[PDB]
Amino acid sequence: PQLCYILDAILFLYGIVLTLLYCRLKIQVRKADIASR
Amino acid sequence: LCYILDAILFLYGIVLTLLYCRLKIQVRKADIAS
Amino acid sequence: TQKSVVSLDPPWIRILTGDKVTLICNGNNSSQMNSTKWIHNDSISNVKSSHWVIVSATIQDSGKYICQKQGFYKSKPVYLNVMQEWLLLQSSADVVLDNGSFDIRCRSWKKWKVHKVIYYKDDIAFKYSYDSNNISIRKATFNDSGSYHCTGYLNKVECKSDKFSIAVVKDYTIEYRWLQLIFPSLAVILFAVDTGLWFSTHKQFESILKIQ
Amino acid sequence: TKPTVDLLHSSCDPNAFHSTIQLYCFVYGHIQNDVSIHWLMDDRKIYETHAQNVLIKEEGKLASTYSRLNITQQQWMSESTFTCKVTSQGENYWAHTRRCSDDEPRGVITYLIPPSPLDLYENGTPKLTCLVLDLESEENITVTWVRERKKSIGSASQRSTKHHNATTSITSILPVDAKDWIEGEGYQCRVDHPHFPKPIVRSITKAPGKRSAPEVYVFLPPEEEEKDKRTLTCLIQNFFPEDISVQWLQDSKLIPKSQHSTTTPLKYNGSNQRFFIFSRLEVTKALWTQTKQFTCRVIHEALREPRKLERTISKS
Amino acid sequence: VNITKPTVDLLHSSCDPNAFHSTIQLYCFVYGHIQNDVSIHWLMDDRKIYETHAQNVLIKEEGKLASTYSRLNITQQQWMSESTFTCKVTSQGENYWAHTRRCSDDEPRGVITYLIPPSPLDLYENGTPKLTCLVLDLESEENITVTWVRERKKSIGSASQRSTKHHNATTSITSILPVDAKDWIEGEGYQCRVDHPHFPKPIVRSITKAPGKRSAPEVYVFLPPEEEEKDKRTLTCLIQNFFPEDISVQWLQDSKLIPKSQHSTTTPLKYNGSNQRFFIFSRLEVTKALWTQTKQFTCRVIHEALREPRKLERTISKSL
Amino acid sequence: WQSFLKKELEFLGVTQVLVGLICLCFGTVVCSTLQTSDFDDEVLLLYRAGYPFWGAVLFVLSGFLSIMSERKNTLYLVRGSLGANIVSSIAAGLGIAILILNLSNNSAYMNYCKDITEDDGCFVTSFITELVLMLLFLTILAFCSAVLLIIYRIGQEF
Ligand SMILES: *[C@@H]1O[C@H](CO)[C@@H](O[C@@H]2O[C@H](CO)[C@@H](O[C@@H]3O[C@H](CO)[C@@H](O)[C@H](O)[C@@H]3O)[C@H](O)[C@H]2NC(C)=O)[C@H](O)[C@H]1NC(C)=O
Ligand SMILES: *[C@@H]1O[C@H](CO)[C@@H](O[C@@H]2O[C@H](CO)[C@@H](O[C@@H]3O[C@H](CO)[C@@H](O)[C@H](O)[C@@H]3O)[C@H](O)[C@H]2NC(C)=O)[C@H](O)[C@H]1NC(C)=O
Ligand SMILES: CC(C)CCC[C@@H](C)[C@H]1CC[C@H]2[C@@H]3CC=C4C[C@@H](OC(=O)CCC(=O)O)CC[C@]4(C)[C@H]3CC[C@]12C
Ligand SMILES: *[C@@H]1O[C@H](CO)[C@@H](O[C@@H]2O[C@H](CO)[C@@H](O)[C@H](O)[C@H]2NC(C)=O)[C@H](O)[C@H]1NC(C)=O
Ligand SMILES: *[C@@H]1O[C@H](CO)[C@@H](O)[C@H](O)[C@H]1NC(C)=O
Ligand SMILES: *[C@@H]1O[C@H](CO)[C@@H](O)[C@H](O)[C@H]1NC(C)=O
Ligand SMILES: *[C@@H]1O[C@H](CO)[C@@H](O)[C@H](O)[C@H]1NC(C)=O
Ligand SMILES: *[C@@H]1O[C@H](CO)[C@@H](O)[C@H](O)[C@H]1NC(C)=O
């Protein structure tokens, strides 16, 4: 009930943090590749 | 049902966290080596 | 203060055409004019009294009703069902909580007396009464869930009411739970986005370990 | 002279609005010009009669005439006992009426089942039945039994039954004497409840009409039929009344009534009333060919004593 | 010669619950008719009352005018049913009427609809089956619409409709729908809807062939019994082991059809215990003269579950 | 510290694009799934003030313009993306005010709710409350990113 909803909200926040870190890694790899090219 | 559907997504997020930590050390090692 | 409580007083969620019904908000015996916002069928009606007295119910007067008194919240919506039947099983509720009560009645068309009424639950009769009066089922259990109907005799003619499922539940179904399925769904895009932001991160890294 | 004072009345013509019921007090055999007819309702006067004593006929000293009373409809719907008072030779005579009280108050359907002829003329222990159906519950229903002659009455056996349609039924079975039933004793079942407006009074008697003795014939199983079952047939025809018992036997041993059927009795030829039934007993081929006999006995109240007519079927 | 109309009253005795006869004494009085030119007949809701021997009693004679009455004995529960008892007075070929009911209140007596399937005689022998929807206890004909709907096809035939004004001031509407036979063997479910502006919804009856395992009747015709040397001869047709109970039975005297008034057929009785078979008896009692004139009687039986052309007849003859 | 923020500036606009698209998704599921006449106009102050739509438009637009201004370094994208970040920070501040007012209204509603699952009202109010909570988290993220674009693109011109 309440515990599942709270845990699912923190799962969503985990998804937010993971897509932010993956976007930062994406721009870092793209900047390294556009410096290499 | 929400407990199994959330546990499988915590596992599915742990997988991507391990993949992100695997890529982070490789990017920082390439950054160390020019 | 609290939420509004819209309440019929003839408290029958199923009425026939021409039945006088009155829609009361939070609840007193006073038609407090210009003090209640009435929403019928998700559209704000011009009736602003605390008592919406429908002196003759129309099929158009069915559907959803919400009251909101001045200084109060919007109500839990009640569903009137004005019907056009030879014999109607009136009920005070369609979903009843456990340890709760509900009345049923067997009414015919425009104050015609129903006589020799048999009330059935899932084709099994539980009560016979000549004068069509209240059957007050107090302290409802899961036994009291079922497809209730009633057979009556008209001015001399046997007619059978349409069945009506009255469900007794531990707690009300709250009819919007998939909204809490929005957030795990917005994980299975975002995490899947991560898989894209793994794959297109790996391949561009796979192309950067080859050049050296 | 004793005038014959029967009282008649009009009632609802369905094809008319009919605001007035026409009460009528008829007197026959009274002495000519020696009649005084007055009307009362609930034993109080009506001088508002404007009575029209219409003379019918004269036969020497004797005479016949009648009076008519207009009443409104709600004076009749009140179930008020109207009455006619006749003064003839100074003597007084009374005629009573009211509306026929509702035979199903609160929708309670009361059946007065007569004794079966098997109980009356073979078992010797007849039993009337008052079947009081469509009750809300069996509390405060009192069932009274009324005879004609004797204050002594048998003790009724009352049982109750809640049915599949949640209607309680009360079966009050009164053991009666067969002799008084032959003589024509009248028996009432009066169902009474605190909020019945009036008691349910059902009356029953031995059924009136000319008694015709049944002719009983038994037909063999058909000669084309050499199949696995053989059907035995009993024609019972030209009998009044409808109340008849038919039994089937196997070598003077009684077959149960669930093994043979009997048709609903059908009226025939008019205008004096006669009935016919067919009793049908289906047996197997093995049970038919066991070197035996079957009989069809018929118990009826138009048969000579002991009111049992046997017709025997056998292949030997 | 002028026709003189007589005053026709319809009086009766009432209930005496302290009495024991349980009988209502209806009287129809006729005043002002012509001597030896009156006939009073009795009806109970348009049904003529034959089995009563209703007694006709003369009242008086005033020149060429006369007064008589007729007495009808009815059962208590016949009166309590609120059925109209009608005396029809025929004088000079003119019919005068009086009606009576038990006096009831102003309740609006409801409408009863029966949907009646076609006879097997029309289905499998005449080839012209007709459904009929009988609508009863209408206070008037007006604004009633009787519609017919099928289930599979749309080619609905021209449903005729007639109306009867009964003696009990109720109007009946009998709507005849001619149907095709092969649709009814195949299992078409038809449906009659009766609509009025004062109805909530139409009174709807639905019908089809009776469901169950079909069984051909075997029929046996018995002779008049060997002990019968009387003046009438009874012929029995035992019709056995059939489903459904919808069956048509005719009697044939030398292959000439006998009207249904001269023979009587018992109501179908069920047996075999959920194997669902039925039996009837057709009884034709002829005179001894009509039997001894070397005719040849036949019990023709038309049932659904028979082999084509769905009639199965049995010869019976005196000589053979 | 100027070079410490230019490396992450593209991500610092990608977070605005992300917050805007999740704002748009929350707005379209509230607009489509909910029958908003059933619920109060102060419980639904998020949607009645329209914040997910004009927040989604401005966050997506400002983040996209910041992505292209980082990827092109054009002198017309800069001072064009700076104004987009100014209006994004203004919209995010108004959004933060709207979301605090909606948490206040949701707490005032849930005072008269003995359970989260009494009916549709308390349940939709709780769902809106924690959606306001994780829209407040995203709006704080987008507002901090907008302030960081403002700080970088103003301090560069000093
Ligand atoms: C509720 O169900 C009961 C039982 O199914 C119904 O009782 C039945 O009522 C019928 C007619 O009212 C009775 O038939 C009558 O039988 C008597 C005696 O055999 C006969 O003389 C009459 O001519 C008539 O055919 C039937 O016996 C009776 N069943 C029993 C077991 O007593 C009752 O009518 C139903 N009530 C309602 C409101 O539906
Ligand atoms: C007024 O008088 C009419 C005419 O007699 C009454 O109509 C009759 O009603 C009975 C039952 O209500 C009908 O019997 C039914 O017949 C069908 C067809 O055979 C059968 O399938 C049913 O099971 C039932 O036995 C009868 O046919 C019908 N007579 C006519 C000529 O239509 C009516 O009931 C009377 N109403 C009052 C209030 O007195
Ligand atoms: C309803 C919500 C939960 C879904 C919205 C989230 C994603 C669809 C979007 C939001 C912003 C997007 C990011 C915006 C900008 C970028 C930079 C972009 O850069 C390129 O296009 C690289 C060009 C090249 O490969 O040469 C790569 C995708 C990425 C990380 C996007 C990945 C997908 C993201 C996370
Ligand atoms: C309010 O909504 C109800 C349905 O929830 C409407 O009732 C329907 O009315 C149409 C014709 O108007 C009927 O065909 C339906 O059978 C009715 N449905 C039910 C469930 O009753 C009602 O008309 C609406 N009223 C207004 C004013 O819009
Ligand atoms: C009958 O039922 C109605 C509606 O449920 C209710 O308002 C009323 O109080 C009841 N009365 C009795 C006597 O049960
Ligand atoms: C409810 O129904 C079940 C199943 O028939 C029965 O066992 C149980 O006793 C019922 N409950 C009560 C309170 O009688
Ligand atoms: C009684 O009524 C009839 C018809 O309603 C009328 O002709 C007659 O004059 C009336 N008689 C009296 C005395 O009122
Ligand atoms: C019945 O039909 C007539 C036309 O034949 C119409 O004028 C009338 O309004 C209808 N209704 C009633 C109640 O008469």
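Backbone-built Cβ (ideal geometry, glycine too); neighbour counts: all protein chains shown. Readers should treat all values here as calculations from the given coordinates under stated rules, not as data from a laboratory.
Annotations
- Dipole of the protein assembly as shown, positive direction: furthest Cα of A:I27, D:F82, D:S271, with charges on the beta-carbon: A:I27
- Taking label positions 7 Å along the Cα-Cβ direction at both E:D106 and E:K201, the computed distance is 3.0 nm, reported to one decimal.
- Label-reachable residues, the stretch C:167-189, where backbone N falls under 18 Å from a point 7 Å from A:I6's Cα toward its Cβ: C:180, C:184
- Only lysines eight or more places from F:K72 in sequence, or on another chain, were considered; those with a Cα closer than 29 Å are A:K26, A:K31, B:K24, B:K29, C:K203, C:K210, F:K6, F:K7.
- Taking amide H positions as modeled 1.01 Å from N, with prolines and chain starts lacking one, the residues under 5 Å from C:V82 and 5 or more places away or on another chain are C:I15, C:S62, C:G63.
- Structure note, pairs D:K179/D:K308; E:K256/E:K288; D:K229/E:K209: Cα-Cα distances above 21 angstrom occur for D:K229/E:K209.
- In sequence order, the stretch E:201-212 has phi-based couplings of 10, x, 6, 10, 10, 10, 9, 7, 5, 5, x, x Hz under the Karplus curve 6.51 cos²θ - 1.76 cosθ + 1.60, θ = phi - 60°, and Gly or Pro positions carry x.
- Cβ neighbours within 10 Å from other chains - mean over E:7-19: 6
- Rounded to the nearest 500, the 222 nm mean residue ellipticity of chain D from helices alone is -1000 deg cm²/dmol, with -39,500 (n - 2.57) taken per DSSP H run of at least 4 residues.
- Per residue of peptide E:77-85, the mean number of Cβ atoms on other chains within 10 Å of the residue Cβ is 2.
- Of E:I116, C:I66, the sequence from fewest to most neighbouring Cβ atoms within 10 angstrom is E:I116, C:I66.
- Of the chymotrypsin sites (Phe, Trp or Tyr not before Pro) found in the stretch D:31-114, the ones in coil according to DSSP and having at most 10 other Cβ atoms within 10 Å of their Cβ are D:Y47.
- Area projected by the alpha carbon convex hull of chain E, averaged over all directions, nm²: 24.9 nm²
- Nearest-20 debye value, chain D charge dipole, Cβ charges on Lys, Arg, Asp, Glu: 680 debye
- Folded to 0 to 90 degrees: helix C:190-206 orientation relative to chain C principal axis, Cα: 10 degrees
- Per-residue Cβ neighbour rank within 10 angstrom, fewest leading, E:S91, C:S62: C:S62, E:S91
- Under Karplus coefficients 6.51, -1.76 and 1.60, residue-wise ³J(HN,Hα) of the stretch D:225-236 in Hz, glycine/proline x: 6, 10, 8, 6, 10, 10, 9, 9, 10, 10, 7, 10
- Residues whose amide H falls under 5 Å from that of C:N155, counting only those 5 or more places apart or on a different chain, are E:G110, with hydrogens built in the peptide plane.
- FRET efficiency for the C:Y172 to E:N56 pair, using the beta carbon distance and R₀ = 45 Å, is estimated at 0.05.
- For F:29-41, mean number of other protein chain Cβ atoms within 10 Å: 4
- Each of C:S92, C:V117, C:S161 was scored by the projection of its Cα onto the charge dipole of the stretch C:85-169, and the greatest displacement toward the positive side belongs to C:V117; charges sit on the C-beta of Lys, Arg, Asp and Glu.
- Karplus 3J(HN,Hα) series, Hz, for the stretch E:147-163 with 6.51 cos²θ - 1.76 cosθ + 1.60 (x for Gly, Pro): 10, 10, 10, 8, 10, 8, 8, 10, 6, 7, x, 6, 6, 6, 8, 10, 9
- Calculated SAXS-style log₁₀ I(q)/I(0) at q = 0.15, 0.16 Å⁻¹ - the stretch F:2-155, Debye, Cα scatterers: -0.73, -0.80
- Computed about its Cα centre, the charge dipole of the stretch D:4-97 is approximately 120 debye, with only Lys, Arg, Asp and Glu carrying charge at their Cβ.
- Cα→Cβ-extended label distance, 7 Å offset, between D:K151 and E:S255, nm: 7.8 nm
- Pairs spanning more than 18 Å between alpha-carbon atoms, out of D:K315/E:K230; E:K5/E:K165; C:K127/C:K163; D:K2/D:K85; C:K64/C:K163: D:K315/E:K230; E:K5/E:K165; C:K64/C:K163.
- Rounded, prolate or oblate (a/c below 1.5 giving rounded, otherwise prolate when a/b exceeds b/c) for the stretch D:114-224 by Cα gyration tensor: oblate
- Charge dipole of chain E about the Cα centre (unit charges at C-beta), most positive-ward option of E:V249, E:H196, E:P217: E:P217
- Percent of C-alpha pairs per 10 Å bin in the protein assembly as shown, short distances first: 2, 7, 11, 14, 14, 12, 9, 8, 7, 6, 5, 3, 2, 0, 0, 0.
- Cβ charges +1 (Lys, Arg) and -1 (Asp, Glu), total dipole of the protein assembly as shown, debye: 2200 debye
- Inter-site label distance for E:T292 and A:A32 at 7 Å from Cα along Cβ, in nm: 13.0 nm
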